[PDB]
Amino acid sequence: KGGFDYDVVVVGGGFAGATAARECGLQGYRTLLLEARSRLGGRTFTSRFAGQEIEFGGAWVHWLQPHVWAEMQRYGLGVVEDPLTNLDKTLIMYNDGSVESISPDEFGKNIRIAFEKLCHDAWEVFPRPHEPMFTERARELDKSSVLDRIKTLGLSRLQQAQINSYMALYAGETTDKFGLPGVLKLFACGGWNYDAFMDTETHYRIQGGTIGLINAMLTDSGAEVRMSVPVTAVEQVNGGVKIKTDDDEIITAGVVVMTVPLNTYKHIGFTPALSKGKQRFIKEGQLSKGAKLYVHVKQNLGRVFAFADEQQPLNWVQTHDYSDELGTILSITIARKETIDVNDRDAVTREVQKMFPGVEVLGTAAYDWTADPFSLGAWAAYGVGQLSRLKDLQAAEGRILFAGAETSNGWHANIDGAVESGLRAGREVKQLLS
């Protein structure tokens, strides 16, 4: 349109990027997508362990999540139900390492009590969860951490350990740092209702894996897709942009959509400088230091669930599969990488054995999202005061647009939020290229 190599370049092949490329490709724009890694998905990654398909990152979807569910209808993708109902064993590991077996009914009842107390005012604070700063109350609450509220709730020891564990997981961090409104807003997105919100958590996966939806969008898009091309700089010039790759290739474009994780912006030079509000976000970054671990054990433990509080590593434990022949594959999410050397098998083994004494570890598979230069962190987790400034992160900068789950209004800790932001970006591109 103005002599550039491309109409639009999308940086990042996660869901935010795939969605944006799809929106732009179908408009008939000459569209390029650049991905730093040699694989697609970003903070979703479909892989294999002990002869079965697994998800190392984002995995779970629901019909109460509007953007991803519509995409699933478009591409004809069904759901797979993970065995999260009628549990056999439910455990809590407290800060000091002691393990308590709770009866599954009681376990469920207690986390319910604690969660409903934590999110008691979600309807008044977030009557419009897709406009987070609609009410003044949402703004004033952003002066508080989740821990500040937790301390006022009068929870039992069990209740407090369960909820702190849950929030540690959501934060990818200790709960003193974790912003209170973010959590409320999410609960609000799931119809301000415990049962509804829980059904969205870790229940339904995408049939064919996350990679299937990514491929379906990129295949639909007609965009050129380049793998193993990290972007190192963006300069605004001649009514478009010059994009520099790590090999010192220069690609010109009318517009660029940045979809990279917030914590990775420091790897990219911008000319001119981004706005001060945006520089603040980039220097703070996003909290989460999460990692993902699968352990195969010989013993058949059936359907298990465990919380560990934030001072212990194995914070969220769930059964991926079980049988007498298989044994059990445990799906474990770790809130803070620092709490466990996830690539040291002797350490992982001892930790698993602390949780389940007398278990025999047949194999492990891990993904350390904090060591990966193209994530440098896990899922989006807002610190105190970040949510109320979110517009700084979203705002167009001349011909640079921004997307990614961090920048979404709704389900910011989810695939759905990435999709949302990609739809926004597609629209902002059209407006610029119109």
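Each residue number is its position in the shown sequence, starting from 1. By rigid core we mean the largest C-alpha set that fits within 1.5 Å across both forms.
Asker: What stretch shows more C-alpha movement in 4 other deposited structures of this protein relative to this form, 357-365 or 148-156, after the core is superposed?
Answerer: Higher root mean square deviation of C-alphas in 4 other deposited structures of this protein is shown by 357-365.
Asker: Is 244-252 or 199-207 the stretch whose C-alphas end up farther from this model in 4 other deposited structures of this protein after a rigid core fit?
Answerer: After superposing on the rigid core, the more displaced stretch in 4 other deposited structures of this protein is 199-207.
Asker: What stretch has the higher average Cα B-factor here, 328-336 or 68-76?
Answerer: Mean B over CA atoms: larger for 328-336.
Asker: In the PDB record, does 402-410 or 376-384 carry the higher mean Cα temperature factor?
Answerer: Higher of the two, by average CA B-factor, is 376-384.
Asker: So if I compare the CA B-factors in the entry for 303, 244, 205, 226, which one is the largest?
Answerer: Checking the PDB record, the top C-alpha B-factor among 303, 244, 205, 226 is at 303.
Asker: Select one of 234, 257, 211, 138: the residue whose C-alpha shows the highest B-factor in the crystal structure entry.
Answerer: Answer for 234, 257, 211, 138: 138, with the highest C-alpha B-factor.
Asker: Comparing residue 319 with the other modelled residues of its chain, is its CA B-factor in the lowest, middle or highest third?
Answerer: Answer is highest: the recorded C-alpha B-factor places it there.
Asker: When the modelled residues of the chain are sorted by Cα temperature factor, does residue 51 land in the lowest, middle or highest third?
Answerer: Its C-alpha B-factor belongs to the highest third of this chain's values.
Asker: Would you check the entry's CA temperature factor for residue 261 and let me know if it's in the chain's lowest, middle or highest third?
Answerer: Its C-alpha B-factor, which the entry lists for residue 261, ranks in the lowest third among residues of this chain.
Asker: Using the temperature factors of the C-alpha atoms in this entry, rank residue 313 within its chain: lowest, middle or highest third.
Answerer: For residue 313, the deposited C-alpha B-factor lands in the middle third.
Asker: Place residue 90 in the lowest, middle or highest third of its chain's C-alpha B-factors, as listed in the PDB entry.
Answerer: As the PDB entry reports it, the C-alpha B-factor of residue 90 lands in the highest third of its chain.
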